[PDB]
Every structure is written in structure tokens, then in C-alpha cells.
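Colleague: This is the structure I have questions about; it appears just below.
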Amino acid sequence: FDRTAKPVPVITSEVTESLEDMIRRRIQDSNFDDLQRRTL
Amino acid sequence: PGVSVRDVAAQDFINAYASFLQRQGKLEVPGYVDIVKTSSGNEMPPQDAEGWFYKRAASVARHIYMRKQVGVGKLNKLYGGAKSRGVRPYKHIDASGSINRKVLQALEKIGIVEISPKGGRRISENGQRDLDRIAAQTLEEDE
Amino acid sequence: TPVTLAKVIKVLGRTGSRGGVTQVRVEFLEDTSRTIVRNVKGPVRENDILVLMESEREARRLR
Amino acid sequence: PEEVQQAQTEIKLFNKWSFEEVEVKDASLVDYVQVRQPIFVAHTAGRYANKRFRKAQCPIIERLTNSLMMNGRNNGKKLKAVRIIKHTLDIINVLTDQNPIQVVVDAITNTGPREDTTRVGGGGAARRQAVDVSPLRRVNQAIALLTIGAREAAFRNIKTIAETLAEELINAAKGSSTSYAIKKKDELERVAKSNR
Amino acid sequence: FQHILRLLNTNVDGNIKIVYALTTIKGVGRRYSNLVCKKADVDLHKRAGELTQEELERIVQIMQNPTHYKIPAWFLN
Amino acid sequence: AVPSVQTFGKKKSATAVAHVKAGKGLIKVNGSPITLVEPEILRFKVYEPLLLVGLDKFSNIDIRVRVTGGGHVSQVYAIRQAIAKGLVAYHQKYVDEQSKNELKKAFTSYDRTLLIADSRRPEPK
Amino acid sequence: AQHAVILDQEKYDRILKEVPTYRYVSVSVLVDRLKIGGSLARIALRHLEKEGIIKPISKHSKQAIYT
Amino acid sequence: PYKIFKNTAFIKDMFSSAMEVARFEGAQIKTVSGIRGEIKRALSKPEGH
Amino acid sequence: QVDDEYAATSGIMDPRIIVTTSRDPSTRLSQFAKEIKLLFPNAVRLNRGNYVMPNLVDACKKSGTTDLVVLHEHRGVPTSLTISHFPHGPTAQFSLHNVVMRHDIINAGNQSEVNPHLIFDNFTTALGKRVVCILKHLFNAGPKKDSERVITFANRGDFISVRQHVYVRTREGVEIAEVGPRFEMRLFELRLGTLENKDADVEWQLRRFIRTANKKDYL
RNA sequence: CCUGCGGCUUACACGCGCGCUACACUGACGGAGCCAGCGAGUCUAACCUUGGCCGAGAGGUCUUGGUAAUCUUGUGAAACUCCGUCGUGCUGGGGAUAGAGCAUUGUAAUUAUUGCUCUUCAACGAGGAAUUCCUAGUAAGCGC
């Protein structure tokens, strides 16, 4: 039969590992997102 | 200086009106009171099941003196409570419909119950006179 | 064993100890010359009154 | 009515025991026990729990009235506590007709454990160190011990809660250690002096 | 006052009131006991030290002949 | 027109409004006597409205009250606040304002919460 | 029965000796094994005739009658 | 259907058990009249409802 | 992009939070509320008992608060979340699915609650921008040069997932340890009116019985 | 007893957790009194309703009120208050457990779908190691 929406996506060691290495980069090159402080 | 049933107490005037009805004697109570518990949420039968109908009728007359009109749904929900249904959550149920309808027929026999405006229950000159007589008898209850 | 009375002059400060009990300076209500730090546990304040079961016992820093 | 004219002059406690001529026996409880308030019932639910010393603002009788509804089976019941307090006050005025207020104050003054003890962690070596007890702290401890002994009395006994409360109050006024609260105060003093 | 005695091959005490001593048997509950005490014309608050064997055999026969004495079909076990 | 006032009394969610006119010392709440406290243990606080200034101080004032909402315990406190407000109001227009100030001071020192409204309302942490 | 006042005559004598004096309350009228075969807690019910010993104490009710 | 909320229905007569429904949580049912829908959860004490 | 909900206050003032629950929490739901409290900086919480929400939020607004999070549950475990930005800001209503509990697994160190480092990963559409700005304006403005608390939002497959990781700049690369909960977070509505309105401008609702929403992200 | 992640099986001897009910005289049953707010509700359909009616009840009778503050609706709610009954009794606390009858659908209840009634009356005598949350209209308890 068919499906109507996409519910809860199961995570595993591999999905967590993929996001793990990408954030290992994304602080290894120290790029970083923030609120910026307006003067005056 | 003005005698009202509203001045008279709950238990005191309730017993007084119940005895006055017992002093009146004729109310045409239903025969189900030998086996009824007056509600579906009730567990044991009423202890004074003979004067339980009298107490209910006295409370109904007090309500009819206080409020304009009432109904069998209004009387049943007014005289209704929770239930010993087991361990599941108990909501509030109403009172017995046939007992209420019979009691409604039972108070028009003494003239206490009359058809209110657009139907319903009201009091008559005989009912108001009997209520005033019972209240004045209970007005002298201070000894 | 008549326990005397003591009016707290002030709550002694910087009394490092276990949280809940504090040393406070109280002069005895029997005589305003006997004054000592005492270890009070209950919720207390200054200029209050209390019962002192010991005469010359004085509180110290309880780490 | 007649009692309305009677209470119109003197504001007695529920118009059954006089709310005047109350005396505090033990010292260090002045300005720690509220006995200077002329009132009618112990249900003045104004905001007093917000501050620390404002808890002394409510009467110790109203404190015991709050202590009646201290159980899972009764947390939040008001008029049950009020009627039980009236019954206990009548039982006190029957057993000792001086004043329910005066007898209760004598029991409170005679049920006070004058010393306290603390377990110091010591960095891993707990020790028993005798410490003082604050005035409102001692008053609250006595009230709590009394209410707890009264509640523990009505576990397997057909006696009323007011009856067990009056019996414990009589034992505390005598200081006979026939009640749990008086026995607790005696054992607390014994333990505090054991490791003084 | 009477102690336990043989009633429908059971041992039933009489010092307790007339509802609950008339309940301990298989097939009789609280409401059945209350309505048979209503129908046997006995006072609901009596304990069964009194109610001599006349009324005891009367409630025996109201057990074995209940529909004679207005025990309804919707009340049956 | 008649010398009269209308006053209100509020509770946790219960309100109570009473019209107090120049009468004979009566208080009918929903056409019922004022000495008819439902718990009947909460009567000394209920009759404290007639006790804080004396039983004869309102012998020339009639009260017609109506209480609704909230709880039954709240309804009594709302009726007490409404009675205190009506007593203060009739003391100002139907009676002399100096007597109103004196009665306000006396009732305040007895229990301000009868006249003032001290709700159990919260505050930020 | 065999007297219909069984355990309620000598017990009644002891009550008239003791309970008419101090007196007890509706809860302490259960003393001396006031139990079935008579009136366990209904001593206050029969205390209309006897009076002037002590005020009562009613738990389920609320009364204090000098009996 | 046999019981109707607003924007929620209760369904009889399609299935007969519980794990039948539990195989299909996420299927699509379309009304014969023509609105879309799905099934969401199983009632236990009713046997297939 | 900074919005009219944030333009006057984005980097100007650092925010505070309030954590609360719908009505009579289960104990574990309270514990999870404790976790989401201790994860956020400027963390103060308050239990909601018998409170009218217009009164509660309105009273919280004069006292001064930037945002309000409130939770839901289904027989012990939480399922839903919403954020209400106070100055007429947009409430956002999400479905949260999975969790790991610091109580449950191990005591793995400390949530040091330092002004943390922020990560928003794989947001493209303007709705992703709305989510990024709304969530960024809840963290503290001003982590340091080496703030070791990296919070992580990931936006793969419309199920944004958050973790917390703590890193040390070891000899050849950073090394991280897993802390905080791990989530399957998903939105279903945006209303620019604050939740006290109950009827104001809904920005966005997730179409559910639309066929193509099997495939398509962002409606 | 229901229920969210973990064993094994089908075309049942289980490991981690969330709740409710009780373990009785502040109790339990009989009658009296009673204080809410949130909204919801039907046109070519039958909703939400009032009453009278009869049937223990369950349940069936025609009608207006309402397309909405109007009729439910003051949702006369429950805990609450009074007296009555009862004596700590594993009783009348307790109903898990069954059977039977009754309505009541639905095409059928059959797999006690649901609701009444009768009958059956288990454990539960306060729960160790641990254990979470909590500082006022708060914990807690009650209902719509």
C-alpha cells in the first residue's frame, strides 16, 4: 500500500557518526554561527 | 415580621416538613421503594426508605418555594451523585427517572405541585398554605 | 540543670561550616556580661532570644 | 442573637473559649509565638507564607490548624480541620476548663526540646555536634511533633482525631512523656547531651 | 444474643446485625440480603441473637421460594 | 431616590454584591437570613461583619446581597468583603465621613483583609 | 438470648458505678469491651435518661451533652 | 465508520484484530465520497475497531 | 535574516528563558524539562499549577522575559513543544520524538552552562531561515573565542535533530563528547500572534493529507 | 490493573519505566444542603436540547429553545458540609475474579464492544535496596 507523511526517522550509529564527523569539521575549521552585537 | 422557609434550617425544617407530610399521611408513594435505592449510583438501599421519598419531596417543595420551576432532569441531576462503578473514574450520574416522575405526580395529589408557566412544576394556594403552616410550626421550634 | 537564656547580639559572619548551622554571637539574657558565639541550627536572626544549655561554651569555626 | 451580643464586647475564640488572658510559660518564645491577635477563627488565609518571619505572623493555633491537613488523605481539607480543631478545643476545655488556649500554650511550652544535634559530614566522617535550636524553629518542631504523634495515634483506634489530640495535649501539658511529642523532646535532649 | 449456628449448612453468628450475617453465603450479597430482610418484614437493625427460628425458617423458605415473595427476575443471580 | 449604596465583594473566583439602604437591621442574601452559614463552623468569621462595629451599629440599614461564582468557601469570604464594603459605604454617604474613617480604622486594625483585597496572587521569580 | 439484656446488666451496673461519675465520652464509652450483643457505641443514644456527669464528645456527629 | 469526532473518525468492519491494524499504521484510506485520510492508531478492547 | 520580531533586539540584548509544562506533569516529563533548562543558559523555570494562560503569560510579560517554552506529553514521555516570543513574537509549535536522558545513561561530566557555541546545519528555504533566526535568538549573545559547548541543530529530511557536544583541541584535531539529549524535532505551525491570542495570524501550518508532502520538505 | 522501550513466537514462564485504584474511622454506606468555568451544538439534515411519560435501572414517547449569552447554561460538578448506620473486624474498607439476566446497538457484541441489575469477593495489615520532584494559591486532592 502507500504512505501519507514521513514520521519519526530512526537514527543509528551511522547517522550519528555522519553528523559527528561533520561537526568535527564544523568546529575543526572553527566556522561558527552567532548573534552579532550591534553598536550604537 | 415575615415567616419564610428560607429562614428555617435545612435538617430542622426538612424533618419538620417530612413529619408534616407524615402528619398529612397521604402522598401516594411508589411501591418500588421496597426494592429501590433512589439512584443508579447508590449501593445500599435507603435506611429510612419509607421517609426517604418524603425527604425527597420535602426538598423538592423547598426548591419549588425557592426557584420558579424545575424538571425531572433538573430534579434527577440535583438529586444525583457519583457511582461505585468499580475502580474506573466515577462521573456524576442523575437520580431515578421513574421515582422522580412518580414523586412529581405524588406532590400534585396534595396540591403542592402545579403546572408552572410553559409547563413544569409550581406551587398552588393549597401548597403555599401547607408550606406556610409547616414553616410557622417550625417557626415555633425555638421553644 | 537550669539552661540560661541568651539574646543574640548579632549573627557572627564568615563562619565557614556545614550548610545549615551557623555561629552567632549571643550575650546571655541572664546577665549582659556573659557573651559568646554559639552554634545555632534553626532559622534564626539577630536581637532574638534563645536557650543556652551551657554556660561558658563558645562556638568556633567548624570548617 | 444572644451570643452575638455576648461576642460583641469580648472577641472570644469561636465564642466558646476566651481569646484573652492567654499566657506563654517558657521564655525565648516571645515574638516567636503569635498570641496577641484577637480573631474569630483560625482560617485567616491571607498571604503570610511569602516571607520567613511572616510565618510567625500566623498564630500557632492556626499553625496547628494547618498541621491537621498534613497527610496524603487530607491535604487540602479545610472545614474538616476546623471542626476537628473545635472538637479538640472542646475536649481540652472539658478535661481542663481553665482555657483551651492556656492549656495548649502550657503544653507547647512544656513540649520544647531545648537542645539540638547535627550530623556533620566532616569530609567523609559524620559526627554528632550539639547545636542550638531557633525560637520559631523550636516552636515549629514542637507543633510538628504534636501533630505527628496525634496522627500516629489514629492508626488502629476508633478514637477521634480530636480525642487523640486532646490526650497528647494533656500528656504534653503534664510533660509526662506519655505522648510521642514529649517522648521525642526527651529523646532529642538525651541525644543532644549524649554528644554535647 | 446467640453465637454461630447451623443455617443452610453454614455456621452463622447472630451477634452481628441482620444484613451481613445474611450475606456470607454463596449466592447472597449485600443487596439481596437487604431486600430479603425488607421482604421478611424484620427490622433492618436487629442482630440475630433475637429473631427466633420462626423467622429463621421464614427466611429459609424465602431463600428456597423467593419469587413467591416478590423477588424479581432481574434480581436473580 | 433613597439613601443607599451598592457594594461588591470578591474572592478567588466568587463575587458578592450587596445593596445597602436605610432599613431596619436586616441582611437578606438571595432572600435568606444572614445567620445561615452553610458550614456553620464558619460563622464567627461570617458574623464578624456584624461584630467588628457592634450588633446595633447597623440597626438602621438593610442589606440585599447576591453571591455567585467561585467555591462555597470562597462565597463566604466574598460575602464578608461585600458586607465590609457596604458598611464602609453607608458610613460615608448615609452616615458621617468621620464615622466612616473611624470605622475603617477599627475594621482595618481588626483585620484589613475584610476591607482590603489580599488575593493569593503570584509574583515573578 | 437468654435474657435480652445479656452482657448488658452487670455491665450496666458497672457503667452506673463508673460512667455516671467521671464521665467518659462517646468514644470512651466503648471501654469495658462495649461490643455486640447489645450497644457498643450507642451509650450516647441511651444517655437521655442519665445526665449531669460530663459533656459528651461526638466524632461523626458534633455534640457535648452533660451526661 | 461508527463514531465520528470533528476531523477524526472511528472505524469498524475493515479489520478483525489488533495486529492487523498494527501492520498498517500509516496506510491511506480514502472516503468513497472522496476526501483523503489515513489510519492512526488501534483500539484494543474493541477487537477490530 | 533578522526580522521585525528581532531587529530592535537581536544582538542588542542577551535573552532569558522560562521553562514550564501544560498541566500536572509526570515526573519524567519534569525531569526532561529540567534537562532542557540546564542545557540553556540564562535558565530559570517555574511550575504551572492551576494557572489561566492569559493571566500567566501576561503576568510574566511585565516582569520581563524574552521567550517562553512550554511542553506536552503522552503518558510519561513528551511529544510536543512550543516557543512563544514575548514582544508580539511568533509562537512555534513542534513535535519532538526521541530523547536520551543524562540521568538515564551515565553522569558523563557536566553541562557547564557556559555561553555555548551555536551550530545550524543545512537550512536553505526561508522557513529554515525563520527557524534559524528564532532559535538563534534564544541562545546567549557572546560565547567566548573558545566556548567548548557546541549545540548542534541539523536539518536533514525536515527532522531537525539537536545534540550537545564538548570538544578539546587535541593534537591533530578536536575531540568531542556527547552530552545533552538527542532529538527528532519537527515543526507543524508558526503563528506570529503570541499564544494568548488563540486566533491571530498563523504564518504556517503543515499540510498533512497533501499527497506530495510524502516527498517535499517545507510544506 | 491499564500502559511507553527491551526476550521469544505465531496461522507465552520474561528485563527497563509512566499512571490510576485501594490497603479503612479525617473511615465506609443512607438521606439533607450546596459553590464553577472552559467551550460545544444541527438545512435540505437530525446535532445540542426542555418537559411530561412510562420502564428498578438500562432504555424507548412528541415537542419547543438554540444555527447561538437566549436552549443545554446557573451545565444545581466532585471533593465539601450535617446527622444517620457501623465498629477495626483483612467486616460494611477492597473489588481484581467469574456467571447469569436485562436493556442496547449493529448485519452480527461472538472475542463479557457498551450501560443497568444480581450473584462471585482475591491480593492488599503501608511496601526494603534505592528512588524523583518541590520553595505559595505552592506540593497536594477534587470534579466539569
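Ligands are numbered from 1 in the order shown, residues from 1 within each chain, and chains are lettered A, B, ... in the order they appear in the C-alpha cells.
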Kindly provide, as number ranges by chain, the residues of chain D having any atom no farther than 7 Å from an atom of chain F, counting only C-alpha atoms.

Modeller: D: 4-5, 8, 14, 40-41, 46-47, 83

Colleague: Residues as selected, C-alpha atoms, written as an mmCIF file, in the first residue's frame, can you do that?

Modeller:
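So the final result, stored in part.cif, reads:
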```cif
data_model
loop_
_atom_site.group_PDB
_atom_site.id
_atom_site.type_symbol
_atom_site.label_atom_id
_atom_site.label_comp_id
_atom_site.auth_asym_id
_atom_site.auth_seq_id
_atom_site.Cartn_x
_atom_site.Cartn_y
_atom_site.Cartn_z
ATOM 1 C CA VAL D 4 -23.959 37.797 69.024
ATOM 2 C CA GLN D 5 -24.400 40.319 71.843
ATOM 3 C CA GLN D 8 -19.950 41.957 70.534
ATOM 4 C CA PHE D 14 -15.157 30.932 68.464
ATOM 5 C CA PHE D 40 -12.621 34.719 65.483
ATOM 6 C CA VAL D 41 -11.472 31.636 63.524
ATOM 7 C CA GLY D 46 -4.046 35.973 53.832
ATOM 8 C CA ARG D 47 -0.585 35.912 52.304
ATOM 9 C CA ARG D 83 -14.357 21.167 63.011
#
```

Colleague: Give me, as a list in words, all polymer residues having an atom no more than 7 Å from range 21-36 of chain H, counting only C-alpha atoms (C1' of nucleotides) and skipping those fewer than 4 positions away in the same chain.

Modeller: residues 1, 2, 3 and 4 of chain A; 40, 41 and 42 of chain H; 209 of chain I

Colleague: Mind dumping the selected residues with N, CA and C atoms as a PDB file, in the first residue's frame?

Modeller:
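Output below, filename selection_2.pdb:
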```pdb
ATOM      1  N   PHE A   1       0.860  -1.173   0.000  1.00  0.00           N
ATOM      2  CA  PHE A   1       0.000   0.000   0.000  1.00  0.00           C
ATOM      3  C   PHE A   1       0.899   1.226   0.000  1.00  0.00           C
ATOM      4  N   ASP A   2       0.346   2.377   0.361  1.00  0.00           N
ATOM      5  CA  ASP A   2       1.080   3.625   0.240  1.00  0.00           C
ATOM      6  C   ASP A   2       1.246   4.251   1.630  1.00  0.00           C
ATOM      7  N   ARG A   3       1.881   5.423   1.683  1.00  0.00           N
ATOM      8  CA  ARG A   3       2.166   6.190   2.895  1.00  0.00           C
ATOM      9  C   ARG A   3       1.698   7.638   2.708  1.00  0.00           C
ATOM     10  N   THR A   4       1.413   8.323   3.826  1.00  0.00           N
ATOM     11  CA  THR A   4       0.800   9.652   3.780  1.00  0.00           C
ATOM     12  C   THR A   4       1.685  10.773   4.268  1.00  0.00           C
TER      13      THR A   4
ATOM     14  N   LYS H  40      -4.566   5.901  12.067  1.00  0.00           N
ATOM     15  CA  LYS H  40      -3.579   6.400  13.014  1.00  0.00           C
ATOM     16  C   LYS H  40      -3.240   5.419  14.122  1.00  0.00           C
ATOM     17  N   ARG H  41      -4.236   4.876  14.822  1.00  0.00           N
ATOM     18  CA  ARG H  41      -3.985   4.020  15.973  1.00  0.00           C
ATOM     19  C   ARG H  41      -5.100   3.002  16.129  1.00  0.00           C
ATOM     20  N   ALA H  42      -4.810   1.969  16.913  1.00  0.00           N
ATOM     21  CA  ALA H  42      -5.707   0.843  17.125  1.00  0.00           C
ATOM     22  C   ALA H  42      -6.402   0.956  18.472  1.00  0.00           C
TER      23      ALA H  42
ATOM     24  N   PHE I 209      -2.551  15.902   4.743  1.00  0.00           N
ATOM     25  CA  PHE I 209      -3.187  14.982   3.807  1.00  0.00           C
ATOM     26  C   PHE I 209      -2.991  15.425   2.367  1.00  0.00           C
TER      27      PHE I 209
END
```

Colleague: Any idea what's packed within 7 Å of range 26-43 of chain J, counting only C-alpha atoms (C1' of nucleotides), ignoring anything in its chain fewer than 2 positions away? Could you give it as a list in words?

Modeller: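 Once the adjacent positions are removed, what remains is residues 10, 11, 44, 46, 47 and 52 of chain B; 74 and 80 of chain D; 69, 70, 71, 72 and 75 of chain F; 24, 45, 46, 47, 48, 92 and 93 of chain J.
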
Colleague: Write out as a Markdown table the residues of chain D that have any atom within 10 Å of an atom of chain G, one row each with the nearest atom pair and its distance in Å to one decimal, counting only C-alpha atoms, sorted by chain and then rising number.

Modeller:
```
| residue | atom | partner | partner_atom | distance |
| --- | --- | --- | --- | --- |
| D:83 | CA | G:62 | CA | 8.6 |
| D:84 | CA | G:59 | CA | 8.6 |
| D:86 | CA | G:62 | CA | 9.7 |
| D:87 | CA | G:57 | CA | 7.5 |
| D:88 | CA | G:57 | CA | 9.3 |
| D:90 | CA | G:57 | CA | 8.3 |
| D:91 | CA | G:57 | CA | 7.2 |
| D:94 | CA | G:55 | CA | 7.2 |
| D:95 | CA | G:54 | CA | 9.7 |
| D:157 | CA | G:27 | CA | 9.9 |
| D:158 | CA | G:27 | CA | 7.2 |
| D:159 | CA | G:27 | CA | 5.8 |
| D:160 | CA | G:59 | CA | 5.8 |
| D:161 | CA | G:59 | CA | 8.4 |
| D:162 | CA | G:59 | CA | 8.1 |
| D:163 | CA | G:27 | CA | 8.2 |
```

Colleague: Show me which bits of chain I are within 10 Å of chain H, counting only C-alpha atoms, as a VMD selection string.

Modeller: chain I and resid 208 to 211

Colleague: What would the file look like if the residues just selected were written as a PDB file, in the first residue's frame with N, CA and C atoms?

Modeller:
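Generated output (selection04.pdb):
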```pdb
ATOM      1  N   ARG I 208      -0.997  18.038   5.865  1.00  0.00           N
ATOM      2  CA  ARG I 208      -0.770  16.650   6.239  1.00  0.00           C
ATOM      3  C   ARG I 208      -1.326  15.689   5.203  1.00  0.00           C
ATOM      4  N   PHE I 209      -2.551  15.902   4.743  1.00  0.00           N
ATOM      5  CA  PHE I 209      -3.187  14.982   3.807  1.00  0.00           C
ATOM      6  C   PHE I 209      -2.991  15.425   2.367  1.00  0.00           C
ATOM      7  N   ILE I 210      -1.973  16.248   2.157  1.00  0.00           N
ATOM      8  CA  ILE I 210      -1.476  16.538   0.824  1.00  0.00           C
ATOM      9  C   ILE I 210      -0.546  15.406   0.429  1.00  0.00           C
ATOM     10  N   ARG I 211      -0.813  14.855  -0.750  1.00  0.00           N
ATOM     11  CA  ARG I 211      -0.031  13.774  -1.336  1.00  0.00           C
ATOM     12  C   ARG I 211       1.464  14.050  -1.308  1.00  0.00           C
TER      13      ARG I 211
END
```

Colleague: Considering only C-alpha atoms, state which residue in the set I:18, I:138, I:190, I:33 is at the smallest distance from chain F.

Modeller: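 Closest residue, counting only C-alpha atoms: I:18.
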
Colleague: Have a look at CA of residue 139 in chain I and CA of residue 107 in chain I and let me know their distance in Å, one decimal.

Modeller: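 CA of residue 107 in chain I lies at a distance of 24.3 Å from CA of residue 139 in chain I.
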